[PDB]
Structures are given as structure tokens and as C-alpha cells.
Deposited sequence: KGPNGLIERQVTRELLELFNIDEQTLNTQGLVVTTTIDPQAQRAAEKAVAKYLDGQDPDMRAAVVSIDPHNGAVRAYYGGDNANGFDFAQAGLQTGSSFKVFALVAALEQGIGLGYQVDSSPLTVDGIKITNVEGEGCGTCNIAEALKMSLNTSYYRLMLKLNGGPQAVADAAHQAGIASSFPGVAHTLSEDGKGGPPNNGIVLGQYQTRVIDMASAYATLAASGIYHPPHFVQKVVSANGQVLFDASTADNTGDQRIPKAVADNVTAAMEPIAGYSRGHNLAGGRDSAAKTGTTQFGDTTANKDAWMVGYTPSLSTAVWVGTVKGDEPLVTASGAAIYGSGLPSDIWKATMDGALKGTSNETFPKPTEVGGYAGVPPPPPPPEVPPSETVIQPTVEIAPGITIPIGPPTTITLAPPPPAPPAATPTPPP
């Protein structure tokens, strides 16, 4: 029964909203529902999760959501293997560095382009020490290079340069499709939980977001800034044959030029992230994330989110209680470039198998730069 149970739960929820009925009224109707799920994508996601979590800690969990950027359709959805258990694709989770892309959106919207040079040295902000993993830096480098290398220090400085600071990062993320609320969280990306501003940790993905939100927001990027609400229901026909709903019969949230520049910055990242380029030379745009466990040196959540123009997939790996460092069976720390990228690549390759390779739209000038500056 498994992963399809969690899909069914989301379909039911959506039908309830669509028809404004309770579940008993729905169940007795005998509706014939066509979902958006693509079996080929779904099978690829399920296989990838099984493969990469095999032999790992039995407390390890994963979630995968794949969305069609053309229309918001949910093509693959793995929230867990228990139909009657917890849906990890709906859980509020810290995103870590995968959230940096929204700071880049915000920057580009203000005319700060990919070639903007930022210092990567360590700094302290609001009394919190900001550093990069293994003290990595670039001296001073552009914000496209700092995204690829995932420099915390550079992205903190970039956020502070924005008009609105962390609020501008929240605005961009919300505009991209990070939902404003979900169950658990009445006001997302809000320190006071009431709609007030986020604090500076937003750029390092310290707020809770769902895996579905990340897939959807990156879908907006994949669609050159056009947002479509995510949905699971394609068509509904009555038991006796009357069509009641058909999705086959968007909103420019982010400017095309901005979104296409963000894409350009993200293009090298699947490969940079321990060689997770998609099969058959297929281009992609991606971003990893890895959160800290407490104040320890170990990891808590690991992410890979990335897209082609035809599919946006978010993957999270963590543990069931979210209270233990995240490691492999051999003791190795799990980063975004590890198991989540293995799952992401396998899901993407599988879901897109048999389709021709797409190229991304050529970016036009934003902040004085069109695409990633060529290096010296």
C-alpha cells in the first residue's frame, strides 16, 4: 500500500478543497479521479530511495517531490513507505544552503548581478559566527561562484547588501512559491511566527520549509519565473460519466531575466556536487544543502534540489526524529552531495529517460551581467 497511501492522502485533501465537501460525502460519490503522478517518475523515485537507503540506519528517512514546471503537476511524490504513517514530504524542515537561491533571486531583482564581487572571509553577525565548511573561501569572488562553492559568509554579506535584508530573501522565496503557511506553521519565514520579519539565518535555510515547497519554488525558476500552484488532481469524472474537473481546460512571479540568470549560476552545480551530472549529457540546474546538528561538527538534514525545464525535483534525507547526526552505515557524514544527490540524479534520470535533452534559456543582462562571468 505504501508510498501511494501518502499520495492518496494528498489527493483527498485537494478534492476536499476543490469540491468544498467532507470526506464521507466524497467517499460515497465514487468519483473517478485521474492524478498527475507519472508512473515512470514515481517508479524512479521509489527505486532510488530504496537503493540509496538500503543497508543504512533504519531511522534514516527520505522525501522526494518532482513537479512539472509547465503546469505545477506533481509527477512523483515519495513521503515515506507507510500509507498510515508520517509524510516527510510535508514536514517542516530546515533547508540549509538550498535556500541560498532565494537570496540570489532577491539580489538579481535589485540589479545586483552574477558578477557582483563579495568578500568570503569569516564574519560575526548579531553575535553569531558565520563560517564556511572546512574554512573554504575564495578570497573575493562573484556571487555565482559563491553559490557553486556554497559559501555561507558570501551569501550572508549578499543578504545584508539587499534592500530589506532577510525580509527580501523571504519575499523572493515566497514569490517563487515557498508557501506562506502549512500545517505546523501559520507564517513561514517569520521569526515571531506571526508575520514579522525573518532573522538573518533565513539565507542559511534555518527556517522550516517542506520538500514540496522547494520542488515547487525551483519549478518556478525552471519555468523562467512562471509559478503554478502544485497539484495532484488532473481530472475528475463522476461515477456515471459526467466530467466535474479537468486541469487541461500561471503567474509571472519572478522576471524571466532573473530566473534565467539564477539557472545559469546553478548549471555547474550537479557536477560540482561530487559528479552528479544527469545521464546522457543532460543539462541541469541544482543546489545542495547540508544543515548542522545542534552546535556539533555533524550534519542533520541533507538536500539536493534541481531541475530541467521539464522537471523539478527536491530530495531531503534525514532521520525520523531529527535529533541524531546524519551518517552512513560506515560512519561517514551525509552531505547534500551524498545520498540526496544520488537519489535526485537517479530520480531525474529515470523520470526523464526517453526524452530529448533540453537546454536552458540564454540569460540576458541583469545587474550588468548576462550569465556566469567567464573566468580570467
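Student: Comparing the deposited sequence against the modelled residues, what ranges come up empty for C-alpha?
Tutor: Residues lacking C-alpha coordinates: 250 to 253, 381 to 430.
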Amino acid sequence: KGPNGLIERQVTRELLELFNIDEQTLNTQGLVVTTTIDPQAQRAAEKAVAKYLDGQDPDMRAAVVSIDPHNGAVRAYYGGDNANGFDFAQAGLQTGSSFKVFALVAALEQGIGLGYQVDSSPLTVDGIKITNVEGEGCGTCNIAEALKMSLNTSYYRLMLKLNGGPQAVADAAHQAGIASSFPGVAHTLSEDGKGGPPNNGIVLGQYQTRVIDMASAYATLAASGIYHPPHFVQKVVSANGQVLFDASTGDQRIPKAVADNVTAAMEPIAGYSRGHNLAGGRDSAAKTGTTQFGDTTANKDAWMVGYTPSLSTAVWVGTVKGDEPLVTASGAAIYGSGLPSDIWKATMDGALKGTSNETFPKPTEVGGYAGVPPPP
From here on, numbers count along this sequence of modelled residues.
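Student: Looking at the entry, does 213 to 221 or 156 to 164 show the higher mean C-alpha B-factor?
Tutor: Per the PDB record, 156 to 164.
Student: Where do the C-alpha atoms have the higher mean temperature factor in this entry, in 52 to 60 or in 312 to 320?
Tutor: Higher mean C-alpha B-factor: 52 to 60.
Student: Out of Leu108, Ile130, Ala83, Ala76, which one has a C-alpha B factor higher than all the others in the entry?
Tutor: Comparing C-alpha B-factors across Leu108, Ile130, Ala83, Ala76, the maximum falls on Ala83.
Student: Of the options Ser180, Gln234, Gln117, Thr249, which has the highest CA B factor as deposited?
Tutor: Largest recorded C-alpha B-factor: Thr249.
Student: Where does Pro255 sit by CA temperature factor within its chain: lowest, middle or highest third?
Tutor: Its C-alpha B-factor belongs to the lowest third of this chain's values.
Student: Name the third of the chain's ranked CA B-factors that contains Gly336, choosing lowest, middle or highest.
Tutor: As the PDB entry reports it, the C-alpha B-factor of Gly336 lands in the lowest third of its chain.
Student: Per the entry's values, where does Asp171 land by CA temperature factor relative to the rest of its chain, in the lowest, middle or highest third?
Tutor: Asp171: CA B-factor falls in the lowest third of its chain.
Student: Considering only modelled residues of the same chain, in which third does the CA B-factor of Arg274 rank: lowest, middle or highest?
Tutor: Answer is middle: the recorded C-alpha B-factor places it there.
Student: Ranking the modelled residues of this chain by C-alpha B-factor as given in the entry, is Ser238 in the lowest, middle or highest third?
Tutor: Its C-alpha B-factor, which the entry lists for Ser238, ranks in the highest third among residues of this chain.
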